[PDB]
Every structure is written in structure tokens, then in C-alpha cells.
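Peer 1: Below is the structure I would like to discuss, written out as C-alpha cells.
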Amino acid sequence: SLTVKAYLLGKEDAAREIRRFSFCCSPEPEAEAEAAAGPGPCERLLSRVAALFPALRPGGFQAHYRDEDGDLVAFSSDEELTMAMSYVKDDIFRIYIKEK
Amino acid sequence: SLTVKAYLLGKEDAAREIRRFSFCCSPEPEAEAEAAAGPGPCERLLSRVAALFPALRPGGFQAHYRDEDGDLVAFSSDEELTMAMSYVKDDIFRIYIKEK
Amino acid sequence: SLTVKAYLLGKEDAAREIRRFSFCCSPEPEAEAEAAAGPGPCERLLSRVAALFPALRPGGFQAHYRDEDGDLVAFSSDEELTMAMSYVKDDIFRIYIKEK
Amino acid sequence: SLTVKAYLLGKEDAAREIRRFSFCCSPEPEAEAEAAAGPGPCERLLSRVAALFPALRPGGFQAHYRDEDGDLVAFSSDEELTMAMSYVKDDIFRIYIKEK
Amino acid sequence: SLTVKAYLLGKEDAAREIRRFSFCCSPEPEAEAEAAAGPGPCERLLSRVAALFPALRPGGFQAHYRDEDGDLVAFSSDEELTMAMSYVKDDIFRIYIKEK
Amino acid sequence: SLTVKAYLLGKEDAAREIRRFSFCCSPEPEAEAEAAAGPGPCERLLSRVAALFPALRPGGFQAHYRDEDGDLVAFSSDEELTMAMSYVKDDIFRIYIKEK
Amino acid sequence: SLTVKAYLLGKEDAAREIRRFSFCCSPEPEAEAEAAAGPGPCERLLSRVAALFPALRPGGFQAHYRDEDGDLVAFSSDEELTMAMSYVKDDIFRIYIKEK
């Protein structure tokens with residue numbers, strides 16, 4: 001299991017709302033194309049953040065993760081998630097949520 | 001139940017009058033053609049706003065709702081109402097009333 | 001699905017009315033000549049904008065879309081629509097409606 | 001491919017209408033005299049501008065292109081087109097359309 | 001090569017039309033009397049300006065070039081052309097076209 | 001592997017969006033002309049920045065890299081990339097993305 | 001090798017674009033008249049600046065170099081280049097590019 005921490009950013013980049021959800025270490029929830037048609041972790045995470053942060057649009061936001069440099073990188077692909085977890089050594093995945 | 005908030009706009013787009021009414025989560029009040037002859041939610045809402053905002057014409061106004069972008073979209077169809085509620089996560093439906 | 005945003009322009013090129021409609025990602029609604037006799041997306045869009053913007057003529061208007069440069073290009077062909085969508089990366093197609 | 005941008009000029013040399021079309025890098029569309037009887041690019045471009053700018057005559061207009069100096073030079077020959085493209089480094093060919 | 005810029009003058013000495021053509025640095029196009037019977041550059045230039053400026057007569061115009069003083073000097077001889085180019089240091093030969 | 005960091009610049013040269021991608025130390029992805037027809041690293045990088053920075057045009061931007069002096073040099077050739085990497089000692093290639 | 005830094009100047013003499021290229025310490029690239037017909041360094045430099053600064057004309061610009069006083073001197077001869085390098089002690093040749 002891997003708890004993912006999300007940080008909501010308003011206009012002054014100030015923490016509006018905080019919420020976390022339990023995630024599986026598994027690559028993807030489903031295997032069939034009826035349930036995985038390419039993505040998996042990204043589409044899963046972006047789903048929870050939507051229901052968790054109703055303050056903004058359901059799918060009208062980008063999640064930005066810090067890199068080795070610290071800069072924000074708006075991720076939106078499973079390939080980018082596998083990389084983002086490579087940074088964190090612990091079982092906590094922090095990310096910066098922003099509404100488009 | 002779903003409370004619908006209406007905002008009256010004069011000439012300077014300034015809030016003239018504020019009023020709310022309790023609405024049902026149901027699709028339509030009646031089923032017979034004697035009582036539903038196509039519309040339902042739109043005709044119902046537009047009815048209340050008229051009696052609630054006597055300051056203007058009874059049926060000589062358009063209700064504009066914000067979209068995902070924020071822009072105003074003068075709705076006047078049930079199909080447009082079902083969509084407008086899809087935006088709001090809460091049980092409060094805000095709309096911008098304007099007299100023609 | 002693809003929401004198309006239209007902007008009504010008066011005399012001072014000021015936003016008169018705003019309205020949006022849900023569109024299909026599909027090429028055309030119908031295939032038979034009784035229902036597609038050449039056009040498809042253009043004739044479909046121009047149909048909605050008419051019913052949506054009754055403020056002007058039903059078919060006496062031209063829809064202008066921004067290009068790579070930003071300039072307005074009065075489109076009126078399906079071949080031009082497929083190109084206009086190539087600009088927008090998102091699922092939102094913005095256009096400038098003007099009455100002839 | 002090479003997008004050609006045209007600028008319509010009224011009486012006050014003000015941009016009346018804007019429209020663009022995709023062109024081929026190829027010298028000419030056809031090779032046979034039944035389809036190329038001397039011209040090629042000029043006759044092709046002047047054809048599109050006509051259908052694109054119905055506001056004026058079909059073949060009663062001259063397209064003027066800026067030179068190294070900036071002055072307008074009413075072109076109407078393929079030999080003049082090959083030269084006009086030599087100015088622009090990009091894949092965008094701008095021209096000033098005027099009705100005779 | 002030497003590009004020659006021509007300026008058309010109406011009644012108010014206002015630039016009616018602008019057009020340029022590529023010229024050769026060579027003295028004359030041909031050597032035989034069947035093709036050079038005295039003139040060369042003048043007859044060549046005056047030929048292009050005619051086809052380029054159909055707005056006026058084919059051979060019923062005089063081309064005036066600025067001198068060291070700036071005044072206009074209606075040239076019409078090859079001997080006068082060789083001199084006119086002596087003024088311009090660049091590869092651009094400007095001249096004032098006027099219809100008789 | 002070599003991570004390339006890109007910096008998006010708006011109007012006030014302020015960091016709009018940040019995103020990184022994993023690159024190969026290899027000269028080029030492919031060898032055949034069907035896949036390398038001259039370029040390689042430049043065309044590859046410019047491809048990712050496009051998909052990564054959808055905020056602007058797909059191929060209507062120039063990437064500027066700092067030199068020994070610090071000044072920005074809009075690169076757009078493989079020969080320029082091999083040189084740009086010669087500056088950075090680490091495995092991180094920073095660049096300034098700007099939309100045309 | 002000698003890196004030459006060029007500075008593009010708009011209307012307000014503000015740095016529009018910055019770009020550098022690697023040059024050889026050698027007098028000239030070629031020796032034959034088919035490849036050196038008098039010039040060498042000037043014609044070489046002016047060639048690169050053209051391809052590097054497509055923002056302006058290919059050969060319709062003058063490069064101005066600072067002197068011992070600091071004033072700008074529009075150079076355009078090999079004899080002037082050998083002198084310009086005599087000022088700089090380092091392996092960096094700075095110059096001010098301006099479009100005619």
C-alpha cells in the first residue's frame with residue numbers, strides 16, 4: 001500500500017484543502033481493455049483527486065510533482081508516475097494539485 | 001432536494017434581488033402530456049424565477065449559467081439543466097437571471 | 001465528446017451571448033446521402049449555433065476560428081473543421097460567431 | 001505543406017476577412033497540359049482566394065506581396081510566386097488580397 | 001542580379017502600384033542586331049514596366065530617375081541607365097514610372 | 001540516460017510550466033532515412049517539448065540555451081545540441097522554451 | 001577555434017535574439033577562386049548570421065563592431081575582420097547585428 005498526499009493550490013499557491021487516499025503497489029487495477037485501455041496509475045490517481053477535491057473541476061486540473069531539481073512537472077501519463085515514485089524512498093507520494 | 005439560487009442583474013450587472021426555492025431531485029414533476037409535454041426542469045425553474053422576480057417580465061427573461069470556462073450560457077432546455085447540475089457537486093444550483 | 005464554445009459578436013466585437021453544446025468525436029452523425037450529402041461537422045455546428053444564437057439570422061452568419069497566427073478565418077467546410085480541431089489540444093473548441 | 005495567409009483589404013485598407021489554406025511544397029498540382037498549360041502555383045492560389053473571399057469578384061482581384069523593401073508588388077505569375085516564397089523563411093506565406 | 005523597383009504615379013503623384021523584377025548585371029541580353037539594334041537595358045526595363053504596369057499604355061510612359069540633386073530625369077537611353085546605376089551603391093535600382 | 005529540463009516562458013519571461021523527460025546518451029534513435037533524414041536529437045527534443053507544453057503551438061516555438069556567456073541562443077540543429085551538452089558537466093540539460 | 005557572438009537589434013536597439021557559432025582560426029575556408037574570389041571571413045560570418053537570424057533579410061543587414069573608442073563600425077570586408085579580432089584578446093568575437 002502507498003498513501004498519496006495531495007496539496008490544493010488556490011491563487012496565492014496556498015494550501016486550500018488537504019486529503020490522502022490509500023493506493024496499491026500494483027501496476028494497474030485492471031488488465032482487460034474494458035478496464036485498462038493504456039493508462040492505469042495516472043487515470044486512477046486523477047480520479048481520486050477529483051472526488052477528493054470537488055472545489056474545482058472533475059477533470060479540469062493538472063497534478064504537478066517535484067523533480068530532482070524541485071521544479072514542478074505537470075504529469076499526466078502512467079510512464080511519468082512510475083518515475084515520480086522513483087524519487088520518494090518512503091511509502092508517501094506527495095503531489096501539487098492545481099485546477100486549470 | 002436541491003436549493004436553486006438566482007441572481008438578478010440590472011443594467012450594471014449588479015445584484016438587484018436575491019431569492020431561492022426548494023427543488024426536487026426528480027427528473028420532472030409530472031409524467032402525463034397534460035403536465036409534461038416535452039420540458040420539465042427548465043419550465044419549472046423559469047416559472048419560479050418569474051413569480052420570485054416580478055421586477056421584470058413573467059416570461060421575458062433568460063437564465064445564464066456558468067460553464068467549465070466560467071462564461072455565461074443562456075439555457076432554456078431541460079437537456080441543458082441536466083448538464084448544468086453536472087458542474088455543481090453540492091446541492092446548490094447558482095444561476096444568473098437577466099430580463100430580456 | 002467535445003464541448004464547443006461560441007462567442008457572439010455585436011458591433012463593438014463585444015461578447016453578446018455565450019453558449020456551449022456537447023459534440024461527438026465522430027466524423028459525421030449520419031452516413032447515408034439522405035443525411036450526409038457531403039458536409040457533416042460544419043453543417044452540424046452551424047445548426048446548433050443558429051438555434052443557440054436566435055439573436056441573429058438562422059443561416060446568415062459566419063463562424064471565424066483563430067489560426068496559428070491568431071487571425072480570424074471564417075470557416076464553412078468540414079475540411080476546415082478537422083483542421084481547426086488540430087490547433088486545440090484540449091476537448092474544448094472555441095470559435096467566434098458573427099452574423100452577416 | 002505550406003499554409004498561405006491572405007489579408008482582405010476594403011477601402012480603408014482594413015482587414016475585412018482572414019482565411020488560410022494548406023498548400024503543397026510541390027511545384028505544380030498537375031503536369032499534363034490538360035491540367036498545367038503554363039501556370040501552376042499562381043493559378044492555384046488565386047483559385048482558393050476566390051472561393052475563400054467571395055466578398056469580391058471570383059477573378060477580379062490582384063494579390064500583392066511585400067518585397068525586401070516592404071512595398072506591395074501585385075503578383076500574377078508562377079515565376080513571381082517562387083520568388084515570394086524565397087523571402088519567407090518559415091512555412092507561412094502572407095499576402096495582401098485586393099479586389100479590382 | 002539586380003532587382004529594379006518601380007513606383008507608379010497617378011495624378012496626385014501617389015504610389016498606385018508597386019512591382020519589382022530580377023535583372024542581370026550583364027550589359028545586354030543579346031548581341032546580334034536581330035536582338036540588339038542599339039539599345040539594351042532601357043528597352044529591356046521599359047518592356048517589363050509595361051507588362052508589370054498594364055494600368056497605363058504599353059509604350060506610352062516615361063521612367064524618371066533621381067539624380068545627385070534628387071530631381072527627376074526622364075531617362076530613355078542605355079547610356080542614361082549605366083549612369084543611373086552609378087548612383088545606387090546597393091543592388092536595388094529605384095525609378096519613378098509615369099504614364100504619358 | 002540524460003534528463004532534459006525545460007522552462008516555459010510567457011510574456012514576462014516567468015516560468016509558466018515545468019516538465020522533464022528521460023533522454024538517451026545515444027546520438028540518434030534511428031539510423032534509416034525513414035527514421036533519421038538528417039536531424040536526430042533536435043527533432044527528438046522539440047517533439048517532446050511540444051507534447052509536454054501543449055500550452056503553445058506544436059512546432060511553433062524556439063528553444064534557447066545558455067552559452068559560456070549566459071546569453072540565449074535559439075538552437076534548432078543537431079550540431080547545436082552536441083555543443084549545448086558540452087557546457088553541462090552533469091546529466092541534466094536545462095533549456096529555455098519560448099513559443100513563437 | 002573562435003566562437004563569434006552576435007547581438008540582434010530591433011527598433012529600440014534591444015537584444016532580439018542571441019546565437020553563436022564555432023569559427024576556425026584559419027584565414028579562409030577555401031583557396032580556389034571557385035571558393036575564395038577575394039573575401040573569406042566576412043562572407044563566411046555574414047553567411048552564418050543570415051541562417052542564424054532568419055528574423056531579417058538573408059543579405060540585407062550590416063554587422064557593426066565596437067572599436068577602441070567603443071563606437072559602432074559597420075564592417076563588410078575581410079581586411080576589417082582581421083582588425084576587429086585584434087581588439088579582442090580572448091577567443092570570443094562579439095558583434096552587433098542590424099537589419100538594413
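For the C-alpha cells, the naming scheme is as follows: chains receive sequential letters (A, B, ...) according to their order of presentation, residues are indexed from 1 within each chain, and ligands are indexed from 1 in presentation order.
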Within 10 Å of chain G, which residues of chain F show up when using only C-alpha atoms, listed as a list in words?
Peer 2: residues 64, 65, 66, 67, 68, 69, 71, 72, 73, 74, 75, 76, 80 and 83 of chain F
Peer 1: Would you export the selected residues with N, CA, C and O atoms as a PDB file, in the first residue's frame, please?
Peer 2:
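Saved result, result_27.pdb, follows:
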```pdb
ATOM      1  N   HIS F  64      15.840  28.004 -26.568  1.00  0.00           N
ATOM      2  CA  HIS F  64      17.049  28.825 -26.407  1.00  0.00           C
ATOM      3  C   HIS F  64      17.861  28.243 -25.248  1.00  0.00           C
ATOM      4  O   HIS F  64      17.319  27.936 -24.185  1.00  0.00           O
ATOM      5  N   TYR F  65      19.147  28.055 -25.500  1.00  0.00           N
ATOM      6  CA  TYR F  65      20.056  27.503 -24.484  1.00  0.00           C
ATOM      7  C   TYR F  65      21.104  28.563 -24.131  1.00  0.00           C
ATOM      8  O   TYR F  65      21.516  29.342 -24.993  1.00  0.00           O
ATOM      9  N   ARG F  66      21.483  28.581 -22.861  1.00  0.00           N
ATOM     10  CA  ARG F  66      22.548  29.483 -22.389  1.00  0.00           C
ATOM     11  C   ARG F  66      23.906  29.034 -22.952  1.00  0.00           C
ATOM     12  O   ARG F  66      24.214  27.848 -23.041  1.00  0.00           O
ATOM     13  N   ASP F  67      24.754  30.016 -23.196  1.00  0.00           N
ATOM     14  CA  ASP F  67      26.127  29.733 -23.648  1.00  0.00           C
ATOM     15  C   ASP F  67      27.127  29.960 -22.509  1.00  0.00           C
ATOM     16  O   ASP F  67      26.739  30.342 -21.410  1.00  0.00           O
ATOM     17  N   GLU F  68      28.404  29.961 -22.873  1.00  0.00           N
ATOM     18  CA  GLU F  68      29.513  30.289 -21.952  1.00  0.00           C
ATOM     19  C   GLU F  68      29.369  31.693 -21.337  1.00  0.00           C
ATOM     20  O   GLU F  68      29.749  31.925 -20.195  1.00  0.00           O
ATOM     21  N   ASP F  69      28.793  32.600 -22.126  1.00  0.00           N
ATOM     22  CA  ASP F  69      28.495  33.976 -21.689  1.00  0.00           C
ATOM     23  C   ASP F  69      27.214  34.064 -20.844  1.00  0.00           C
ATOM     24  O   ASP F  69      27.075  34.974 -20.034  1.00  0.00           O
ATOM     25  N   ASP F  71      24.089  34.253 -22.390  1.00  0.00           N
ATOM     26  CA  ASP F  71      23.087  34.719 -23.369  1.00  0.00           C
ATOM     27  C   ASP F  71      22.310  33.533 -23.960  1.00  0.00           C
ATOM     28  O   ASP F  71      22.796  32.399 -23.959  1.00  0.00           O
ATOM     29  N   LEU F  72      21.093  33.833 -24.398  1.00  0.00           N
ATOM     30  CA  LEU F  72      20.221  32.829 -25.027  1.00  0.00           C
ATOM     31  C   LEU F  72      20.505  32.680 -26.520  1.00  0.00           C
ATOM     32  O   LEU F  72      20.656  33.666 -27.239  1.00  0.00           O
ATOM     33  N   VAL F  73      20.604  31.422 -26.929  1.00  0.00           N
ATOM     34  CA  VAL F  73      20.882  31.070 -28.335  1.00  0.00           C
ATOM     35  C   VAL F  73      19.841  30.050 -28.806  1.00  0.00           C
ATOM     36  O   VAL F  73      19.884  28.890 -28.404  1.00  0.00           O
ATOM     37  N   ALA F  74      18.847  30.546 -29.536  1.00  0.00           N
ATOM     38  CA  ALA F  74      17.790  29.704 -30.136  1.00  0.00           C
ATOM     39  C   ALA F  74      18.395  28.629 -31.046  1.00  0.00           C
ATOM     40  O   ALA F  74      18.840  28.904 -32.160  1.00  0.00           O
ATOM     41  N   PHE F  75      18.500  27.427 -30.496  1.00  0.00           N
ATOM     42  CA  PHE F  75      19.034  26.278 -31.236  1.00  0.00           C
ATOM     43  C   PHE F  75      17.895  25.576 -31.978  1.00  0.00           C
ATOM     44  O   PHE F  75      16.757  25.546 -31.511  1.00  0.00           O
ATOM     45  N   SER F  76      18.276  24.907 -33.055  1.00  0.00           N
ATOM     46  CA  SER F  76      17.321  24.170 -33.912  1.00  0.00           C
ATOM     47  C   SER F  76      18.033  23.244 -34.907  1.00  0.00           C
ATOM     48  O   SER F  76      17.503  22.871 -35.952  1.00  0.00           O
ATOM     49  N   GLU F  80      24.042  21.797 -32.985  1.00  0.00           N
ATOM     50  CA  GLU F  80      23.932  22.771 -31.888  1.00  0.00           C
ATOM     51  C   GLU F  80      23.666  22.081 -30.542  1.00  0.00           C
ATOM     52  O   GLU F  80      24.147  22.530 -29.507  1.00  0.00           O
ATOM     53  N   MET F  83      26.840  20.498 -28.936  1.00  0.00           N
ATOM     54  CA  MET F  83      27.603  21.619 -28.376  1.00  0.00           C
ATOM     55  C   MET F  83      27.025  22.074 -27.036  1.00  0.00           C
ATOM     56  O   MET F  83      27.760  22.242 -26.072  1.00  0.00           O
TER      57      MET F  83
END
```
Peer 1: Just asking: which residues within chain E are strand (DSSP E or B) according to DSSP, as JSON, numbers by chain?
Peer 2: {"E": [2, 3, 4, 5, 6, 7, 8, 9, 15, 16, 17, 18, 19, 20, 21, 22, 23, 61, 62, 63, 64, 65, 66, 72, 73, 74, 75, 92, 93, 94, 95, 96, 97, 98, 99]}
Peer 1: Restrict the selected residues to N, CA and C atoms and save them as a compact mmCIF listing (two decimals), in the first residue's frame.
Peer 2:
```txt
# COMPACT_ATOMS: atom_id res chain seq x y z
N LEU E 2 20.24 42.10 -60.24
CA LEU E 2 19.89 43.45 -59.74
C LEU E 2 18.38 43.68 -59.82
N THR E 3 17.75 43.76 -58.67
CA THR E 3 16.29 43.96 -58.58
C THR E 3 15.98 45.45 -58.81
N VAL E 4 15.06 45.70 -59.73
CA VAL E 4 14.66 47.08 -60.07
C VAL E 4 13.25 47.32 -59.55
N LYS E 5 13.15 48.33 -58.69
CA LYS E 5 11.88 48.73 -58.06
C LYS E 5 11.29 49.91 -58.83
N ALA E 6 10.03 49.75 -59.20
CA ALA E 6 9.29 50.79 -59.93
C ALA E 6 8.12 51.32 -59.10
N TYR E 7 7.91 52.62 -59.22
CA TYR E 7 6.84 53.33 -58.49
C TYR E 7 5.89 54.01 -59.46
N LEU E 8 4.65 53.54 -59.45
CA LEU E 8 3.61 54.09 -60.34
C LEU E 8 3.04 55.38 -59.72
N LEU E 9 2.88 56.39 -60.57
CA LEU E 9 2.37 57.71 -60.15
C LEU E 9 1.12 58.08 -60.95
N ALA E 15 1.67 56.67 -55.03
CA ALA E 15 2.02 55.28 -55.39
C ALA E 15 0.77 54.44 -55.68
N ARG E 16 0.50 54.27 -56.97
CA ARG E 16 -0.65 53.47 -57.42
C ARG E 16 -0.40 51.96 -57.27
N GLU E 17 0.70 51.51 -57.85
CA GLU E 17 1.08 50.09 -57.86
C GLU E 17 2.60 49.96 -57.68
N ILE E 18 2.99 48.88 -57.01
CA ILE E 18 4.42 48.57 -56.78
C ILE E 18 4.70 47.16 -57.31
N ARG E 19 5.82 47.05 -58.01
CA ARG E 19 6.26 45.77 -58.59
C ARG E 19 7.76 45.83 -58.91
N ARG E 20 8.39 44.67 -58.76
CA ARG E 20 9.84 44.50 -58.95
C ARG E 20 10.12 43.30 -59.85
N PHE E 21 11.27 43.34 -60.51
CA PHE E 21 11.72 42.24 -61.38
C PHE E 21 13.24 42.06 -61.25
N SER E 22 13.67 40.81 -61.37
CA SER E 22 15.10 40.46 -61.35
C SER E 22 15.76 40.78 -62.70
N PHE E 23 16.85 41.53 -62.62
CA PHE E 23 17.61 41.93 -63.81
C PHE E 23 19.04 41.36 -63.74
N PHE E 61 4.75 55.80 -71.78
CA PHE E 61 5.17 56.24 -70.45
C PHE E 61 6.67 56.55 -70.44
N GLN E 62 7.04 57.42 -69.51
CA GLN E 62 8.45 57.77 -69.26
C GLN E 62 8.86 57.47 -67.82
N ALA E 63 10.02 56.82 -67.71
CA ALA E 63 10.60 56.49 -66.40
C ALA E 63 11.62 57.56 -66.01
N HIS E 64 11.37 58.14 -64.84
CA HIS E 64 12.19 59.24 -64.32
C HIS E 64 12.99 58.71 -63.12
N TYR E 65 14.28 59.00 -63.14
CA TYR E 65 15.18 58.56 -62.06
C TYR E 65 15.73 59.80 -61.35
N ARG E 66 15.90 59.66 -60.04
CA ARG E 66 16.51 60.73 -59.23
C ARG E 66 18.00 60.87 -59.57
N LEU E 72 13.91 64.72 -60.78
CA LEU E 72 13.54 63.65 -61.72
C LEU E 72 14.05 63.93 -63.13
N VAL E 73 14.64 62.88 -63.70
CA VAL E 73 15.21 62.95 -65.06
C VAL E 73 14.67 61.78 -65.89
N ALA E 74 13.67 62.08 -66.71
CA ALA E 74 13.07 61.09 -67.64
C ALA E 74 14.13 60.49 -68.56
N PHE E 75 14.57 59.29 -68.20
CA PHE E 75 15.57 58.56 -68.99
C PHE E 75 14.86 57.71 -70.04
N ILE E 92 19.84 47.47 -55.72
CA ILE E 92 18.43 47.86 -55.89
C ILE E 92 18.38 49.18 -56.67
N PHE E 93 17.72 49.12 -57.82
CA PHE E 93 17.55 50.29 -58.69
C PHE E 93 16.10 50.81 -58.63
N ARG E 94 15.91 51.92 -57.93
CA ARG E 94 14.59 52.55 -57.81
C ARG E 94 14.39 53.58 -58.92
N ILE E 95 13.15 53.65 -59.41
CA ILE E 95 12.74 54.55 -60.50
C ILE E 95 11.27 54.94 -60.36
N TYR E 96 10.94 56.11 -60.90
CA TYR E 96 9.58 56.67 -60.87
C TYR E 96 8.92 56.55 -62.25
N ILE E 97 7.97 55.64 -62.32
CA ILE E 97 7.20 55.39 -63.55
C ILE E 97 6.03 56.38 -63.63
N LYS E 98 5.92 56.97 -64.81
CA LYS E 98 4.80 57.86 -65.15
C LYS E 98 4.30 57.60 -66.57
N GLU E 99 2.99 57.47 -66.67
CA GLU E 99 2.31 57.32 -67.97
C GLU E 99 2.18 58.68 -68.66
```
Peer 1: If you run DSSP on the backbone, which residues of chain F are helix (DSSP H, G or I), as a PyMOL selection string?
Peer 2: chain F and resi 41-52+78-87
